[PDB]
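J.: Whatever this is, show me its structure:
(2 chains, ligands or ions: 2)
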Amino acid sequence: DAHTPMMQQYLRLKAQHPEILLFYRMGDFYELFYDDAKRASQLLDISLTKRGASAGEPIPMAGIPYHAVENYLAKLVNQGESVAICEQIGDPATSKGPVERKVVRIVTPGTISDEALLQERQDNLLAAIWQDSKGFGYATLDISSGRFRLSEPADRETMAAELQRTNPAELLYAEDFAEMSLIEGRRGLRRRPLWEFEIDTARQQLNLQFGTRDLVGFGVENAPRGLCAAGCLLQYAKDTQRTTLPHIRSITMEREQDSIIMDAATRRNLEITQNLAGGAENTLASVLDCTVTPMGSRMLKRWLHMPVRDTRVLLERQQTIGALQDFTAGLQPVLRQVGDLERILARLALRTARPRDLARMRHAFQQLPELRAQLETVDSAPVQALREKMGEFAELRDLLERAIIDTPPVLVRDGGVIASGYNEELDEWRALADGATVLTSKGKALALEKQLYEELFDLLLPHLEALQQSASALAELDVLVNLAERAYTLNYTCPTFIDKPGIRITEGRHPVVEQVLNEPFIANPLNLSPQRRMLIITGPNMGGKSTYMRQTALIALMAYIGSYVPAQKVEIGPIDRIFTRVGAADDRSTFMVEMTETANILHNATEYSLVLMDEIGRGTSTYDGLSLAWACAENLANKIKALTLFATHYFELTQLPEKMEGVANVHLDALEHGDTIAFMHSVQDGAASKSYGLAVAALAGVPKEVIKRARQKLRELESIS
Amino acid sequence: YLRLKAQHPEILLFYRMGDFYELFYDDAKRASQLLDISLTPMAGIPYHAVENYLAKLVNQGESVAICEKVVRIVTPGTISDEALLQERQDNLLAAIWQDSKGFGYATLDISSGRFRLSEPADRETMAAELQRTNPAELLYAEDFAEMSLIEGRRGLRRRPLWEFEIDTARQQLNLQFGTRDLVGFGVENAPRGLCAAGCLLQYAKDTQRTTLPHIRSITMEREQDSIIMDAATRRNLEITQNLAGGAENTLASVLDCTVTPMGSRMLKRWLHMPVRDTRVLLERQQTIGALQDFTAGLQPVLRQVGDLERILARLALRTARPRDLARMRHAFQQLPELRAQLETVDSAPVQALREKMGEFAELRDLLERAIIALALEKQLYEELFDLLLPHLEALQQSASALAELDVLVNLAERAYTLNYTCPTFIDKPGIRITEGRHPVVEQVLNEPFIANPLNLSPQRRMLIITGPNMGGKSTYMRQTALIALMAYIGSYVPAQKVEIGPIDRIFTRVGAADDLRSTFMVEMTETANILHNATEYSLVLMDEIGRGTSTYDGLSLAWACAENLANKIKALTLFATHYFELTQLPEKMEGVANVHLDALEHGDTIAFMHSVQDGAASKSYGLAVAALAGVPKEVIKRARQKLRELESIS
Ligand SMILES: Nc1ncnc2c1ncn2[C@@H]1O[C@H](COP(=O)(O)OP(=O)(O)O)[C@@H](O)[C@H]1O
Ligand SMILES: Nc1ncnc2c1ncn2[C@@H]1O[C@H](COP(=O)(O)OP(=O)(O)O)[C@@H](O)[C@H]1O
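T.: Numbers count the residues shown, from 1 in each chain, chains lettered A, B, ... in the order given. Ligands and ions are numbered 1, 2, ... in the order given. Next comes the structure:
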């Protein structure tokens, strides 16, 4: 009663969502009040003012222009701040009371579909997490693509590997979640009510959204813990969008058995997309990525993060890439003009697509027939299958050309989007507007343009499933064409898959180093087999002991993304997990951090695992480090029976081949001719018994007695041993 | 212009052509690359903003001549302008000349008038001198054989051979000083150094186009009269600059709350040149103890003094500005109150320092009368330079006392705040410390620093440091060296009591070197340097020594390095060694004693005690750390089996 009718309406609207900020449309500004005005002034840096106190109560107020809202939304999403958007639904002149305002959408870091808020080559994801005594249910939704996934990771360590791989911009969780260490520090962190994670409500909700009576159609019925998170995520997405989500037409279970399980730590060391420094330079992706479209880059980045294990999918991709290699020069320019179809289709599905997006959609439709013509000559069963999957949609292109001008404006607010004569009534209203060169006829024309603009979505709504299938094939083709182009330019050769685990490489060249090094990369062959599983690496510092191992792992990863390899020939055996340990500096004390990942390597690793221990035995006491690494390799080669490329400074771990089977010493050797040392960066058998250090002692010579005394001591140490 | 450029063709020239000093041909190309000004060949920059571009070029070590006839040559060595000078870092100018007998190295601090000379015996000493001076500019002769030391230095200048003739130098140095014989400064018996001095004096004269009366003396820096720190040791102790190149977490950052930048520079010079004579140190300590009671009163008055030493040199060069004169008159106003506070103090050096500062009351009256139209003010300071010239020698003595007093007061304030106690000097070369506290970490760490005693003697010369990483294995040795260095600067020490023995050289080989000369080559180069130039009076701090890529290879080198350091060199050492095979040295070699910092393990928590004790931890914090975030119990058990095997075989 004390509040004026406009504030009474706002107070109830804020009461619906009191834990999140709200943008309330008034005139041309979204006004924030009281505590919200205070927070906005702190982050958006907008002036905090006070709304005039006609009621008498002070109302702290802040306002931002509607046309520049996206910039403020970007600032909030970086801070992980959820914001609700509310708009005037009724016409204010007709409404005697405050105009009926409703929350149109809730902008949350997870459900941002606006292109302005999305990095082009990075996928945005929304996920929720739930904990049962038995295990954890983790769900993920790519709202920007409609891609929906689910998983049930067995333990806390798996939860961390999944959380880094997904890197969710927003994470939902429950008040009862016990392990708050993993949850804390995540951006856009949300706590939720217990009732949202009920299994029965989820079973009905998922079936209703899909339209399928049984989730058995997607093989998710046997995993209830994950479904509970999915239902909350689906409800949260439905609540955040306030609309149906037809594009989210399927659920998939990401099976640990069907993919290479890379620990979060291995991912940072490989520098797959982001370096240890946090840069996007010297990455495996930049060397492997010269793709024309962002959709292809994201699919490539997803492929890198999720290497597939099934042989059939790999054999299908390689044959296609080899066939496409001849036409790659013709294919790359046409695919560039396709545009961001996957995000454009999701915006169309949400009815939030803009005319510029529609121009790219029709433009992609124009590129499809030429692609079909070039693909028809290519003789491969998958290439023809991809050609069929794209579809024609020529009638829809004709409809779009008829219903949109060739170069449309960004906003439908000012019109001039529909091509003339699509609607005889539209041209009739436009004729009155051009007659002067009438405000009611201008409004009639604009409202008709908006009504037809809604109809354009309705015309394309039935084919949305086919259009989504088309975008899946086009991005899929872009990756295959790029891998062929890179293979032709960087002389990559296809690697055969063999039944037994084991990697054999000939003339192996590390991809990132060879591209970024002016001096030639000296290539080295490597062999891993049931017998050649363990290689101890020794040699001079700055001798690239670390790079030799990185080359093998990146080659092994590339083999499982289905691409060619920077070697004359590669032979690869099935691999379940890739483990990497590199101890370089304190992050827990350095040794504690080194031990934590190593403990994980000692339990998780299995016969199909590839391990890359580096600088192990960095134990502060030489006796202490020697005891742990010597046992760690022995356990890695006695029970785990994994493949390892141990990089060890220790010269006492070079006696392993005599004591243990499967170990083989290999050393990168720097040559010394006269008084000059050279870095060969090449791999040779065994190790340099007389280290470069004695010769280095002669360079910038220490007193001759001192160098002689060392020779006496080195002879004494080896002889006593 | 072509004739003017021909006179100095090896350096850039600013040619006055309106505000824009127009540069042409190759000079225009270089200016476009560095000043980032568009190349049109010709380039130009405004006369009023010349100082900003000069600063950009000086950082790059590019000498520039200024012509209006060349009026002056602005070179990185002779930058007297305050805008081009870091307030708390010394700027120097030096030349180097090579004879078959040895090398002659000269240095001139143009910003103080302090002129020094030396004849280092070999190439390794030249590098130590070059880094200590860090000369922003270095002059050398076309015949110089060892170009490895010269190349990579900023402001590198090649010079004609005739400039390095001994006869011209003997006459030139005598003429500038006005003394018939250089025997008055004891430099006559060192001709190789004098040749460099003459070129440097001529170069300074050529660069300024004027006489240099402030340069009234030359001194021979005798290796016997100072502690000789090698270039590498200086980078590791982070005395003024950290390994990262920052000015943070430095011994200077903790020891420097000086009220005037001159005091910081004098402190930095004292740190860079520790004195060996006991009398100068006993004089300083008695003064600091007497000042400790009045430190609170002394600090505010000394802050108002200003940068007198650089102001006097600018006054001497006739390049001082009125803002500097306001600080000079202000310092003159502060002197009587200082004399009043110092008069009550009962100490022989404090009264001697009081006499050295003097009154200069007539000069203060003249300055108050002559300072509160740029041409009129410029005329005024030029007149003032002439008036203050006869007393310039006394004023230079006054700035030496004022900066010296600021250092003693700052050290007393630090002593009062951080409970520093004076260290007595002993004839025998041994360092005994009680409740020793490392200065930097106790001043940047929230949790309490745990202090530890250390003993070094003719018998306790070598200490092997072992124990956990992140256990301050490195910090303990750094604490002793910084204390030993601080004892020879004459300051109090962060401990209950310190006893110090005479030290000729401080050598350090800090570890963790992963920068490419390969890393191991750089590592042995500094070790080779120590084992050739170390003596009985040397204090050595090998750290992470024996980081040979092959553990067997590194073990032979470090084990031998220690044996040579304790059989012939007989120096004092604080070896920090990861190797647990160097813990057997006390049985094998006399003079070695094991000391270890051990993080304790009680229940499921590790505590960083940072406490020093005799012996070493056979069971490392790592076996306990293996239990935390536990590896499979069999794996940790297998390490115990191996740890028992490794120690038992030894
Ligand atoms: N095969 C190679 N051919 C040529 N240069 C190489 C090769 N491998 C490495 N390098 C170079 O040598 C350097 C070695 O650095 P790094 O791999 O960190 O050495 P280490 O692992 O021995 O410490 C690399 O930065 C790279 O420039
Ligand atoms: N007495 C002390 N008590 C607690 N922490 C300390 C103490 N002395 C130093 N530290 C802290 O512990 C750290 C140990 O790391 P670091 O000095 O790199 O180890 P190390 O000297 O073995 O290389 C120091 O950097 C400092 O932050």
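J.: contacting residues around residue A:143?
T.: For residue A:143, the set of contacting residues under the criterion of C-beta atoms under 8 Å, 6 or more residues apart in numbering or on different chains consists of A:110, A:111, A:112, A:113, A:124, A:126, A:237, A:241, A:346. To be clear about C-beta, it is placed using only N, CA and C from the backbone, and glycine gets the same treatment.
J.: For it, which non-adjacent residue is spatially closest?
T.: If you skip the residues right next to it in sequence, residue A:143 has residue A:111 as its closest partner in space, 4.8 Å away by C-beta to C-beta, 6 or more residues apart in numbering or on different chains.
J.: And for residue A:449?
T.: The spatial neighbour of residue A:449 that comes closest, neighbours along the chain excluded (C-beta to C-beta, 6+ apart), is residue A:415 at 4.6 Å.
J.: which SS class is the residue in the stretch 251-400 of chain A that ligand 2 sits nearest to?
T.: Each residue of the stretch 251-400 of chain A has a distance to ligand 2, by C-beta to the nearest ligand atom, and the smallest belongs to residue A:276, at 19.6 Å. Assigned by DSSP: H, G, I helix; E, B strand; the rest coil, the conformation of residue A:276 is coil.
J.: about what we covered before: now, which of the contacts of residue A:143 sits nearest residue A:512?
T.: Proximity of those to residue A:512 was ranked by C-beta to C-beta; the top entry is residue A:124 with 26.9 Å.
J.: Now do the end-to-end distance for stretch A:245-257.
T.: Looking at stretch A:245-257, the gap from its leading to its trailing residue is 30 Å under the measure C-alpha to C-alpha, to the nearest Å.
J.: Now do the contacts for the residue in the stretch 201-350 of chain A that chain B sits nearest to.
T.: The minimum distance from the stretch 201-350 of chain A to chain B, using C-beta to the nearest C-beta, falls at residue A:265 (12.9 Å). Residues in contact with residue A:265 (C-beta under 8 Å, 6+ apart) are A:580, A:581, A:597.
J.: Contact partners for the residue of the stretch 251-400 of chain A closest to ligand 2?
T.: Applying C-beta under 8 Å, 6+ apart to residue A:276 gives the contacts A:268, A:269.
J.: How much space separates it from residue A:122?
T.: According to C-beta to C-beta, to the nearest Å, residue A:276 and residue A:122 sit 19 Å apart.
J.: again, but for residue A:298
T.: For residue A:298, the distance to residue A:122 equals 7 Å [C-beta to C-beta].
J.: what's the answer for residue A:281, then?
T.: Plainly put, residue A:281 is 16 Å away from residue A:122 if you go by C-beta to C-beta.
J.: So residue A:574, which state does it fall into?
T.: Remark: residue A:574 carries the secondary structure label coil [criterion: three-state DSSP].
J.: That one against residue A:606, yeah?
T.: No. Residue A:574 lies out of contact with residue A:606 (C-beta atoms under 8 Å); the separation is 11.2 Å.
J.: Could you check which of the two is surrounded by more residues?
T.: A side-by-side neighbour count of residue A:574 and residue A:606, using other C-beta atoms under 10 Å in any protein chain shown, places residue A:574 first with 17 against 13.
J.: what's downstream of the strand or helix carrying residue A:227, the next helix or strand?
T.: With elements taken from DSSP states H and E, the one containing residue A:227 is helix A:224-241. Scanning forward in sequence from helix A:224-241 by DSSP H and E, the next helix or strand is strand A:252-253.
J.: Who are the packing partners of that following strand?
T.: Helices and strands touching strand A:252-253, as assessed by 3 or more C-beta pairs under 8 Å, 6 or more residues apart in numbering or on different chains; DSSP states H and E, comprise strand A:147-151.
J.: ok, and for stretch A:660-671, which residues are buried?
T.: Of the residues in stretch A:660-671, those scored as buried under the neighbour-count criterion (16 or more other C-beta atoms under 10 Å in any protein chain shown) are A:662, A:663, A:665, A:666, A:667, A:668, A:669, A:670.
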